[PDB]
Amino acid sequence: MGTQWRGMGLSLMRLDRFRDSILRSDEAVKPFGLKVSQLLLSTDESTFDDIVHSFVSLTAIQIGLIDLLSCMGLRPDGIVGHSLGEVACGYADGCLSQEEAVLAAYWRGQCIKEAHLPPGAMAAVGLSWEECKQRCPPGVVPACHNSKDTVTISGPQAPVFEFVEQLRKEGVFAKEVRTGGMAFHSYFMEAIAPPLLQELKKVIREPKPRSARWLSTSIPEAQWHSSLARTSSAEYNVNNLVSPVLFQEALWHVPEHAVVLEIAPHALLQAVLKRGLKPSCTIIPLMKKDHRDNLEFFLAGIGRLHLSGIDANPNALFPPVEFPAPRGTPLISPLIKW
């Protein structure tokens, strides 16, 4: 979360595949009365202010991007999700269905609102994971282990603000992240677990095993053989919501020279990936916040991908060209140089 911005995805909606995927997601979530397309074309900035709308739109956009990438034939060798979007990771891995993932995200959002818990805020802290975790005041714990340098914590706004100001007193980098006014990955969510799991079981009926490529970021590596990690069951998603995000831990398994694509409406985690990844790795945003033409940025990302040695054919994105070609098409043989 935290990447949604007003007007996101409109540029890419011009593509046939993306619009079709968005329509399918909207149909999937149709019964509840929410239209992802309506949200995307929505003009009010507050449209993404709603947690439900933000979650649904983010999941839909991630699924659409995955569909576009699969259209060209790209087959990921690894998969890593960070807090929300784990469900999108599941859909990419094949263990989940588009309708299943969309419904899961929507139900997560809905149950989140129905909790009506006290306000919760997260602030990014320049302090490392170990020092912050021990230094955390009561009611504040390590929220997400983004990287060695940067760790985020979640808790009641009062102690969170007090510790943020105290840390800023030392000069350590501090910054509050837009949490929608509510905490995550903390004891707070623990209350919401029962109803959320009930809804997911109502939604998830045939859990499928997690693939080898997918690396759970909510299940510590020592437990990756556990019952939870085996299948992307509703319980796994609930734990994903409640448990701390061990994003940094999984990064160490990224092989050298790997090409890392950031499947997201906004390339938020680019800096974290650069800091916490092997220098040989390469990063490609695939989408920029409030960019003039997100389609151009996506095409540039695909081009950079092609420059990286991976094979991707842009023709799949657009409608097929009828053949044979019209007479007068320029000769190609003269253009070849040896």
# chains A, B, ... in the order shown; residues from 1 in each chain; ligands from 1
$ residues_around --residues "residue 259 (chain A)" --least-positions-apart "4" --cutoff "12 Å" --atoms "only C-alpha atoms" --output "VMD selection string"
chain A and resid 74 76 to 79 254 to 255 273 to 274 277 to 285 301 to 302 304 to 311
$ write_last_selection --atoms "N, CA, C and O atoms" --output "short mmCIF file (atom, residue, chain, number, x, y, z; two decimals), in the first residue's frame"
data_model
loop_
_atom_site.label_atom_id
_atom_site.label_comp_id
_atom_site.auth_asym_id
_atom_site.auth_seq_id
_atom_site.Cartn_x
_atom_site.Cartn_y
_atom_site.Cartn_z
N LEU A 74 6.70 -13.47 -20.64
CA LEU A 74 7.65 -13.48 -19.53
C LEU A 74 7.18 -14.40 -18.42
O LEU A 74 6.02 -14.35 -18.01
N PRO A 76 8.24 -15.39 -14.58
CA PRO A 76 9.15 -15.05 -13.49
C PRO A 76 9.82 -16.28 -12.91
O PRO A 76 9.24 -17.37 -12.85
N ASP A 77 11.07 -16.10 -12.47
CA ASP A 77 11.79 -17.14 -11.75
C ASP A 77 11.71 -16.98 -10.25
O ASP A 77 11.88 -17.96 -9.52
N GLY A 78 11.44 -15.76 -9.76
CA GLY A 78 11.18 -15.54 -8.36
C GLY A 78 9.98 -14.62 -8.20
O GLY A 78 9.54 -13.97 -9.15
N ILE A 79 9.46 -14.58 -6.98
CA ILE A 79 8.31 -13.74 -6.66
C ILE A 79 8.43 -13.32 -5.20
O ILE A 79 8.61 -14.16 -4.32
N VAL A 254 18.00 -13.40 -3.70
CA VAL A 254 17.99 -12.95 -5.08
C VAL A 254 19.33 -13.29 -5.72
O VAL A 254 20.38 -12.84 -5.24
N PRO A 255 19.35 -14.07 -6.79
CA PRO A 255 20.63 -14.43 -7.42
C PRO A 255 21.30 -13.22 -8.05
O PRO A 255 20.67 -12.23 -8.41
N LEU A 273 15.17 -1.45 -2.91
CA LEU A 273 15.77 -2.51 -3.70
C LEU A 273 17.22 -2.18 -4.06
O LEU A 273 18.09 -3.04 -3.98
N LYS A 274 17.48 -0.93 -4.44
CA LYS A 274 18.85 -0.55 -4.75
C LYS A 274 19.76 -0.71 -3.54
O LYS A 274 20.88 -1.23 -3.66
N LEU A 277 20.10 -4.76 -2.27
CA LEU A 277 20.27 -5.80 -3.27
C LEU A 277 21.70 -5.78 -3.81
O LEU A 277 22.42 -4.78 -3.70
N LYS A 278 22.11 -6.91 -4.38
CA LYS A 278 23.45 -7.00 -4.93
C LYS A 278 23.63 -5.96 -6.03
O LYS A 278 22.71 -5.72 -6.82
N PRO A 279 24.81 -5.34 -6.12
CA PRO A 279 25.00 -4.29 -7.14
C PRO A 279 24.77 -4.78 -8.56
O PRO A 279 24.34 -4.00 -9.41
N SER A 280 25.05 -6.06 -8.84
CA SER A 280 24.86 -6.57 -10.19
C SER A 280 23.40 -6.57 -10.61
O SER A 280 23.11 -6.68 -11.80
N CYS A 281 22.47 -6.46 -9.66
CA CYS A 281 21.06 -6.51 -9.99
C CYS A 281 20.63 -5.25 -10.73
O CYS A 281 21.27 -4.20 -10.67
N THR A 282 19.51 -5.37 -11.44
CA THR A 282 18.93 -4.26 -12.19
C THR A 282 17.47 -4.10 -11.79
O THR A 282 16.78 -5.08 -11.48
N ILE A 283 16.99 -2.86 -11.81
CA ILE A 283 15.65 -2.53 -11.37
C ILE A 283 14.92 -1.80 -12.49
O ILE A 283 15.51 -0.97 -13.19
N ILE A 284 13.64 -2.11 -12.65
CA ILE A 284 12.81 -1.50 -13.68
C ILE A 284 11.47 -1.10 -13.06
O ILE A 284 10.71 -1.98 -12.62
N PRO A 285 11.14 0.18 -13.00
CA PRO A 285 9.93 0.61 -12.29
C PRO A 285 8.64 0.03 -12.86
O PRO A 285 7.86 -0.57 -12.12
N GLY A 301 10.19 0.75 -19.85
CA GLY A 301 10.60 -0.35 -18.99
C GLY A 301 10.78 -1.64 -19.76
O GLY A 301 11.74 -2.38 -19.54
N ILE A 302 9.85 -1.93 -20.66
CA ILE A 302 9.97 -3.13 -21.49
C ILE A 302 11.23 -3.05 -22.35
O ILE A 302 11.94 -4.05 -22.54
N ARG A 304 14.04 -1.39 -21.66
CA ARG A 304 15.16 -1.66 -20.77
C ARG A 304 15.28 -3.14 -20.48
O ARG A 304 16.38 -3.69 -20.43
N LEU A 305 14.14 -3.81 -20.29
CA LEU A 305 14.15 -5.26 -20.12
C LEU A 305 14.82 -5.94 -21.31
O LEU A 305 15.66 -6.82 -21.14
N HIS A 306 14.46 -5.52 -22.52
CA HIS A 306 15.07 -6.10 -23.71
C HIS A 306 16.57 -5.85 -23.72
O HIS A 306 17.35 -6.72 -24.12
N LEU A 307 17.00 -4.67 -23.28
CA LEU A 307 18.42 -4.37 -23.20
C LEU A 307 19.14 -5.23 -22.17
O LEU A 307 20.36 -5.36 -22.23
N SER A 308 18.41 -5.83 -21.24
CA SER A 308 19.01 -6.59 -20.16
C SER A 308 19.26 -8.05 -20.53
O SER A 308 19.74 -8.81 -19.68
N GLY A 309 18.96 -8.44 -21.76
CA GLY A 309 19.16 -9.80 -22.21
C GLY A 309 17.91 -10.65 -22.20
O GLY A 309 17.85 -11.64 -22.94
N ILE A 310 16.91 -10.30 -21.39
CA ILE A 310 15.65 -11.02 -21.42
C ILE A 310 14.91 -10.71 -22.72
O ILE A 310 15.02 -9.61 -23.28
N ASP A 311 14.15 -11.69 -23.21
CA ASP A 311 13.47 -11.58 -24.49
C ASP A 311 12.00 -11.28 -24.25
O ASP A 311 11.27 -12.10 -23.68
#
$ residues_around --residues "region 110-112 of chain A" --least-positions-apart "6" --cutoff "8 Å" --atoms "only C-alpha atoms" --output "PDB file with C-alpha atoms, in the first residue's frame"
ATOM      1  CA  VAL A  52     -11.315  -0.600   0.451  1.00  0.00           C
ATOM      2  CA  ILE A 192      -9.767  -8.708  12.999  1.00  0.00           C
ATOM      3  CA  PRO A 195     -13.861 -12.418  10.727  1.00  0.00           C
ATOM      4  CA  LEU A 196     -11.247 -11.958   8.009  1.00  0.00           C
TER       5      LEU A 196
END
$ residues_around --residues "residue 13 (chain A)" --least-positions-apart "5" --cutoff "10 Å" --atoms "only C-alpha atoms" --output "ChimeraX atom specification"
/A:8,18-22,37,40-41,61,64,294-295
$ write_last_selection --atoms "N, CA and C atoms" --output "mmCIF file, in the first residue's frame"
data_model
loop_
_atom_site.group_PDB
_atom_site.id
_atom_site.type_symbol
_atom_site.label_atom_id
_atom_site.label_comp_id
_atom_site.auth_asym_id
_atom_site.auth_seq_id
_atom_site.Cartn_x
_atom_site.Cartn_y
_atom_site.Cartn_z
ATOM 1 N N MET A 8 -4.549 6.955 -11.274
ATOM 2 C CA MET A 8 -3.630 5.878 -11.606
ATOM 3 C C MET A 8 -4.251 4.915 -12.611
ATOM 4 N N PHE A 18 -5.031 -4.587 -20.712
ATOM 5 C CA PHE A 18 -5.220 -3.988 -19.398
ATOM 6 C C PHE A 18 -6.682 -3.644 -19.154
ATOM 7 N N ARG A 19 -7.353 -3.062 -20.150
ATOM 8 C CA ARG A 19 -8.763 -2.739 -19.978
ATOM 9 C C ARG A 19 -9.587 -3.999 -19.770
ATOM 10 N N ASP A 20 -9.282 -5.057 -20.522
ATOM 11 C CA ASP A 20 -10.000 -6.313 -20.348
ATOM 12 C C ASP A 20 -9.802 -6.870 -18.944
ATOM 13 N N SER A 21 -8.565 -6.842 -18.445
ATOM 14 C CA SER A 21 -8.304 -7.352 -17.104
ATOM 15 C C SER A 21 -9.025 -6.523 -16.051
ATOM 16 N N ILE A 22 -9.021 -5.200 -16.210
ATOM 17 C CA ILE A 22 -9.729 -4.346 -15.264
ATOM 18 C C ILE A 22 -11.218 -4.656 -15.286
ATOM 19 N N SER A 37 -13.197 0.201 -12.429
ATOM 20 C CA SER A 37 -13.128 1.155 -13.529
ATOM 21 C C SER A 37 -13.653 2.517 -13.100
ATOM 22 N N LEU A 40 -11.032 4.211 -11.078
ATOM 23 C CA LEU A 40 -9.921 4.702 -11.885
ATOM 24 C C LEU A 40 -10.296 5.989 -12.604
ATOM 25 N N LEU A 41 -11.452 6.004 -13.267
ATOM 26 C CA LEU A 41 -11.904 7.237 -13.900
ATOM 27 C C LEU A 41 -12.437 8.250 -12.898
ATOM 28 N N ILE A 61 -4.680 -3.241 -10.451
ATOM 29 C CA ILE A 61 -3.590 -2.744 -11.280
ATOM 30 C C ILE A 61 -2.444 -3.744 -11.314
ATOM 31 N N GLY A 64 -3.423 -6.562 -13.557
ATOM 32 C CA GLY A 64 -3.354 -6.148 -14.947
ATOM 33 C C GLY A 64 -1.930 -6.094 -15.465
ATOM 34 N N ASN A 294 1.768 7.049 -18.566
ATOM 35 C CA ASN A 294 2.250 5.810 -17.971
ATOM 36 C C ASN A 294 2.529 4.754 -19.028
ATOM 37 N N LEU A 295 1.812 4.794 -20.152
ATOM 38 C CA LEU A 295 2.077 3.836 -21.217
ATOM 39 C C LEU A 295 3.489 3.999 -21.760
#
$ closest_residue --among "A:252, A:292, A:209, A:173" --to "residue 228 (chain A)" --atoms "only C-alpha atoms"
A:209
$ select_by_dssp --residues "region 124-284 of chain A" --states "strand (DSSP E or B)" --output "list in words"
residues 124, 125, 141, 142, 143, 144, 151, 152, 153, 154, 155, 156, 174, 175, 176, 177, 209, 214, 231, 245, 259, 260, 261, 282, 283 and 284 of chain A
$ write_last_selection --atoms "N, CA, C and O atoms" --output "compact mmCIF listing (two decimals), in the first residue's frame"
# COMPACT_ATOMS: atom_id res chain seq x y z
N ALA A 124 8.51 5.64 8.97
CA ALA A 124 9.78 5.03 8.60
C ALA A 124 10.90 5.61 9.44
O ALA A 124 10.97 6.83 9.67
N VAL A 125 11.79 4.74 9.91
CA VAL A 125 12.86 5.12 10.82
C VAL A 125 14.19 4.73 10.19
O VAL A 125 14.34 3.59 9.71
N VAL A 141 6.22 -1.79 17.75
CA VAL A 141 7.05 -2.93 17.39
C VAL A 141 7.56 -2.75 15.96
O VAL A 141 7.11 -1.84 15.26
N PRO A 142 8.50 -3.58 15.50
CA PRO A 142 8.99 -3.45 14.12
C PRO A 142 7.91 -3.84 13.13
O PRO A 142 7.48 -4.99 13.08
N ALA A 143 7.47 -2.86 12.34
CA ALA A 143 6.38 -3.11 11.40
C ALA A 143 6.85 -3.90 10.19
O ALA A 143 6.39 -5.02 9.94
N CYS A 144 7.79 -3.35 9.43
CA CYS A 144 8.29 -3.98 8.22
C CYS A 144 9.80 -3.85 8.16
O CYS A 144 10.33 -2.74 8.32
N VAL A 151 13.87 0.64 8.69
CA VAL A 151 12.88 -0.23 9.31
C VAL A 151 11.67 0.62 9.68
O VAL A 151 11.80 1.75 10.16
N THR A 152 10.49 0.06 9.44
CA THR A 152 9.24 0.75 9.73
C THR A 152 8.55 0.07 10.90
O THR A 152 8.61 -1.15 11.06
N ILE A 153 7.88 0.88 11.73
CA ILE A 153 7.19 0.39 12.91
C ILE A 153 5.75 0.87 12.87
O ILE A 153 5.43 1.90 12.26
N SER A 154 4.87 0.13 13.53
CA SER A 154 3.46 0.45 13.60
C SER A 154 2.98 0.35 15.04
O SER A 154 3.47 -0.48 15.82
N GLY A 155 2.03 1.20 15.39
CA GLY A 155 1.48 1.22 16.73
C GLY A 155 0.58 2.41 16.95
O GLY A 155 0.27 3.17 16.03
N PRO A 156 0.13 2.60 18.19
CA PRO A 156 -0.73 3.75 18.50
C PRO A 156 -0.03 5.05 18.13
O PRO A 156 1.18 5.21 18.33
N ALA A 174 13.72 9.97 9.97
CA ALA A 174 12.39 9.57 10.41
C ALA A 174 11.37 10.13 9.44
O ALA A 174 11.55 11.23 8.89
N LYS A 175 10.29 9.38 9.23
CA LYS A 175 9.23 9.82 8.33
C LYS A 175 7.99 8.95 8.51
O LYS A 175 8.07 7.72 8.46
N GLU A 176 6.84 9.58 8.72
CA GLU A 176 5.59 8.86 8.92
C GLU A 176 5.00 8.48 7.56
O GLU A 176 4.91 9.32 6.66
N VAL A 177 4.62 7.23 7.42
CA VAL A 177 4.07 6.72 6.18
C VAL A 177 2.55 6.78 6.24
O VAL A 177 1.94 6.57 7.29
N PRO A 209 -1.02 -25.34 -3.30
CA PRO A 209 0.31 -25.23 -2.70
C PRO A 209 1.10 -24.07 -3.28
O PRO A 209 1.01 -23.76 -4.47
N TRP A 214 7.99 -18.61 -5.32
CA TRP A 214 7.46 -17.64 -4.38
C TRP A 214 8.18 -17.77 -3.04
O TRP A 214 8.30 -18.87 -2.49
N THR A 231 0.55 -23.97 1.34
CA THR A 231 -0.54 -23.56 0.47
C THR A 231 -0.95 -22.13 0.79
O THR A 231 -0.89 -21.71 1.95
N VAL A 245 6.51 -7.87 8.46
CA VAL A 245 6.94 -8.05 7.08
C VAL A 245 8.45 -8.21 7.06
O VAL A 245 9.19 -7.25 7.28
N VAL A 259 17.35 -9.68 -12.92
CA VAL A 259 16.60 -8.52 -13.38
C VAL A 259 15.31 -8.45 -12.57
O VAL A 259 14.48 -9.36 -12.62
N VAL A 260 15.15 -7.37 -11.81
CA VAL A 260 14.06 -7.23 -10.86
C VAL A 260 13.07 -6.21 -11.40
O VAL A 260 13.42 -5.05 -11.63
N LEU A 261 11.83 -6.65 -11.61
CA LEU A 261 10.75 -5.79 -12.06
C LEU A 261 9.87 -5.43 -10.87
O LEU A 261 9.49 -6.31 -10.09
N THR A 282 19.51 -5.37 -11.44
CA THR A 282 18.93 -4.26 -12.19
C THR A 282 17.47 -4.10 -11.79
O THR A 282 16.78 -5.08 -11.48
N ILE A 283 16.99 -2.86 -11.81
CA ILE A 283 15.65 -2.53 -11.37
C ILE A 283 14.92 -1.80 -12.49
O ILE A 283 15.51 -0.97 -13.19
N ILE A 284 13.64 -2.11 -12.65
CA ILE A 284 12.81 -1.50 -13.68
C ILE A 284 11.47 -1.10 -13.06
O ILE A 284 10.71 -1.98 -12.62
$ atom_distance --atom1 "CA of residue 194 (chain A)" --atom2 "CA of residue 88 (chain A)"
22.3 Å
$ closest_residue --among "A:91, A:106, A:5, A:187" --to "residue 35 (chain A)" --atoms "only C-alpha atoms"
A:106
$ residues_around --residues "residue 249 (chain A)" --least-positions-apart "5" --cutoff "9 Å" --atoms "only C-alpha atoms" --output "PyMOL selection string"
chain A and resi 145-147+217+220-221
$ write_last_selection --atoms "C-alpha atoms" --output "compact mmCIF listing (two decimals), in the first residue's frame"
# COMPACT_ATOMS: atom_id res chain seq x y z
CA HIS A 145 11.94 -4.97 7.80
CA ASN A 146 12.32 -3.12 4.52
CA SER A 147 16.12 -3.12 4.62
CA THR A 217 7.84 -12.57 3.42
CA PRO A 220 10.26 -16.74 8.51
CA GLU A 221 12.56 -18.91 6.43
$ residues_around --residues "residue 98 (chain A)" --least-positions-apart "5" --cutoff "12 Å" --atoms "only C-alpha atoms" --output "list in words"
residues 21, 22, 23, 24, 25, 26, 27, 28, 29, 56, 59, 60, 61, 62, 63, 64, 66, 67, 87, 88, 89, 90, 91, 92, 93, 103, 104, 105 and 204 of chain A
$ write_last_selection --atoms "C-alpha atoms" --output "PDB file, in the first residue's frame"
ATOM      1  CA  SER A  21      -8.304  -7.352 -17.104  1.00  0.00           C
ATOM      2  CA  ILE A  22      -9.729  -4.346 -15.264  1.00  0.00           C
ATOM      3  CA  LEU A  23     -13.194  -5.186 -16.579  1.00  0.00           C
ATOM      4  CA  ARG A  24     -12.829  -8.791 -15.429  1.00  0.00           C
ATOM      5  CA  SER A  25     -11.776  -7.637 -11.962  1.00  0.00           C
ATOM      6  CA  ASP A  26     -14.732  -5.245 -11.833  1.00  0.00           C
ATOM      7  CA  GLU A  27     -17.061  -8.097 -12.755  1.00  0.00           C
ATOM      8  CA  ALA A  28     -15.449 -10.226 -10.050  1.00  0.00           C
ATOM      9  CA  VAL A  29     -16.129  -7.559  -7.412  1.00  0.00           C
ATOM     10  CA  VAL A  56      -9.081  -3.075  -4.677  1.00  0.00           C
ATOM     11  CA  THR A  59      -4.743  -5.331  -6.577  1.00  0.00           C
ATOM     12  CA  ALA A  60      -6.493  -4.774  -9.906  1.00  0.00           C
ATOM     13  CA  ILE A  61      -3.590  -2.744 -11.280  1.00  0.00           C
ATOM     14  CA  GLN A  62      -1.033  -5.316 -10.149  1.00  0.00           C
ATOM     15  CA  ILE A  63      -3.053  -8.127 -11.724  1.00  0.00           C
ATOM     16  CA  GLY A  64      -3.354  -6.148 -14.947  1.00  0.00           C
ATOM     17  CA  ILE A  66       1.043  -9.230 -14.454  1.00  0.00           C
ATOM     18  CA  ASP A  67      -1.360 -10.094 -17.269  1.00  0.00           C
ATOM     19  CA  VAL A  87      -2.077 -11.864  -3.018  1.00  0.00           C
ATOM     20  CA  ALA A  88      -0.981 -10.426  -6.360  1.00  0.00           C
ATOM     21  CA  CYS A  89       2.183 -12.483  -5.967  1.00  0.00           C
ATOM     22  CA  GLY A  90      -0.023 -15.528  -5.492  1.00  0.00           C
ATOM     23  CA  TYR A  91      -1.975 -14.737  -8.643  1.00  0.00           C
ATOM     24  CA  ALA A  92       1.281 -14.402 -10.565  1.00  0.00           C
ATOM     25  CA  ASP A  93       2.514 -17.720  -9.163  1.00  0.00           C
ATOM     26  CA  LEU A 103     -12.256 -10.873  -3.567  1.00  0.00           C
ATOM     27  CA  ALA A 104      -9.552 -11.563  -0.985  1.00  0.00           C
ATOM     28  CA  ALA A 105      -8.240  -8.007  -1.228  1.00  0.00           C
ATOM     29  CA  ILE A 204     -11.172 -19.449  -0.763  1.00  0.00           C
TER      30      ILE A 204
END
$ atom_distance --atom1 "CA of residue 222 (chain A)" --atom2 "CA of residue 236 (chain A)"
15.6 Å
